[PDB]
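Subsequent text provides structure tokens for two forms of one protein chain, presented individually as structure 1 and structure 2.
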Structure 1
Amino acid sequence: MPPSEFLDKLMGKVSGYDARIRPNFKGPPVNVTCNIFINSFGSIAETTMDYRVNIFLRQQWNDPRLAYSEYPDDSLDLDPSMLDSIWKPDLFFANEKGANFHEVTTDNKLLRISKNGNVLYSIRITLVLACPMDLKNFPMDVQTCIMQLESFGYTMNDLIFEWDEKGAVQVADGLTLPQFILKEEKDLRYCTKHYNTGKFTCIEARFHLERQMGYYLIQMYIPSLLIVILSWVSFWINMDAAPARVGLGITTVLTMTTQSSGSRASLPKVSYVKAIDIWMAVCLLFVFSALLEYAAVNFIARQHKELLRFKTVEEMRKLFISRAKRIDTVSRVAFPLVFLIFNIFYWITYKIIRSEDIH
């Protein structure tokens, strides 16, 4: 038998196969199993609130026509150039921007057909998909991103989309993300769509992402702790009669505010307050407080000198000097201890909220 003659008899002019009619017309809905392979994951960005993904869609359905039973083999690998003369199902993504095809040297496509009529359609597509991430806890967080596949033009009574029982979602070996660690959970559930026009089938796939705390810690946490230590430098040593202490204080407050403004740059604007904001605010409160500590001790010294200029003057000199020294030594010991207790409280509470949230 020649291949050309059979190939046109199956889906051509002698065949009454019209490509505009669904199989099992006036009949039970056409069931479709969908298997997705993820070639690459990338560009998870915040301002845009979307990511880039390259998938290998694969959908199988049955047709009562296209049952040959004439060649002795089970399946046939056809050309991808007659994929316009058969009944492809409609499928689109709901949270989709763009999503072009690929045509390098040939259009990337695959066609297979078995003896009973079960077909196999494979398409390569790069999708930009919108993920509405919640930045309640910015440095430490888990983000869930949604992929939705749904039928634009058919109702529930036709083209019901079902998932695949085994190996529904696969991932390429040795696939990594610079910022996030992918979680091998991939829970699958389906939610139908209701509209005024009708009821439309849909299926959903969920991915869990855990952010890496490697970059943020060095970029932000480590410098701020140093600047606090540097602010602490003044108290321990520099004598009361010091012009420089004030300059040191002003510079360390300026650098604190400019660094705090710099940190919240990439992040999109949000009404709620992030964890990094809380940490930076507390740090700014500490440095500012130090410059107030000097302000206090200098005013007490001024009172001491004013009374000294006016023995009776000697009577208050010792007590005022002792009070100033008392303020200094107490500041010295107290400021690190409270920073320490705040730090342990902050870390433990975030370490416990994340543990509860991940479950």
Structure 2
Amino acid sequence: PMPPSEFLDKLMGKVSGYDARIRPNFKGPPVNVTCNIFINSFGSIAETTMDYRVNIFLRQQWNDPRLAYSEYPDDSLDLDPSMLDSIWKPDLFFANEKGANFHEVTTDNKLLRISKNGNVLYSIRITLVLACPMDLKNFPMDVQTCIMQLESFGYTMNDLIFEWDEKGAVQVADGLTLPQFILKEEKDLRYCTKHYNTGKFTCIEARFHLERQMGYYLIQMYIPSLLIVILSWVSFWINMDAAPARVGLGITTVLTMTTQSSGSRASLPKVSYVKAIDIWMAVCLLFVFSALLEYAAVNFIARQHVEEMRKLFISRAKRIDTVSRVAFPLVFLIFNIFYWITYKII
């Protein structure tokens, strides 16, 4: 008979004494607000700024005994967001917001429905730019753990407690992909209960493990680093005497190893510790220059050393030549097997 919006105006109005400024179960046990999120979008994970943009559906559920109706014949009463400032809502916020906003296009993207016993479902759409610190000690082979944490601002622990629901506390959209990362499915859920000089305030947090796409940096960097070192060694398969081709093929490995070192730290923050993209690349710099010294070991013999005199001349340089030819794959592949299985277990 009577429509729900007319029914609900006398359920929360000045009649029946409902005050939206007062929490449920006032002067009693605290309010148990259970939460779960639905990640629509994810990404633009900046590393200069060390933050990431997410677009979620924040669903909040609690019980309000003041809103419990008994005689109206429906099981749920929805409430459009025009009258949304008229009941009590929890003062949730994010402890690492770094700017956020609602979505208000064609309607405020907000949802509210009330069960018969007073169970309240509240769902809004938020875009967050959440801050997470980035550990980059092993940069292309790292697992970034960026978190988000949900706190009360005004109510202390003895008035309002946040929880995650057991039925899927973080849902992720179906085809949610990232251009540079993989979002793992194990999502840690734990408390971050804050203590200030004002009081103690509730917190729950979710932890997202992000693992990179190694395939990009392997193409741009690790393959043009690997081939120049092989270019460095075919350069020694030049003739035995000091040819000017060793001058050009020497700087050929120099002009590439500096160019690959030019755009190497392109989009990276200025961290003090050393990462892993350069301890690969600094080794690729000294294996360039070890071929530049290898021409000097030709010129070490060529200006130092007639049937007797010329025989020691070639015999000493070949004694360096076949040793230097074998030892360059020796010093490389021992390093190259020490490099990857280090990061395979880290």
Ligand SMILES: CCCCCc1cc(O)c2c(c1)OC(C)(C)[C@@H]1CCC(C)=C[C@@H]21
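Numbers given to residues start at 1 and step along the sequence of structure 1. Only the largest set of C-alpha atoms that superpose within 1.5 Å between the two forms is called the rigid core.
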Legend entry - Which of the two shown structures is the form solved without the named molecule: 2
Inset, instruction - State which of the options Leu217, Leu285, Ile278, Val233 undergoes a Cα shift of 2 Å or more between the two structures, taking the core as fixed. - result: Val233
Inset, instruction - Examine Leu319 after superposing the rigid core and state whether its CA is displaced by 2 Å or more between the two structures. - result: no
Legend entry - Rigid-core frame, C-alpha of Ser266, shift of 2 angstroms or more between the two structures: no
Legend entry - Rigid core superposed: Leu188 CA moves 2 Å or more between the two structures: no
Legend entry - For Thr329, CA displacement between the two structures after the core is overlaid, in Å: 3.2
Legend entry - Core-aligned Cα shift of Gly12 between the two structures, given in Å: 1.8
Legend entry - Core superposition result - C-alpha of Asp164, shift between the two structures, Å: 0.4
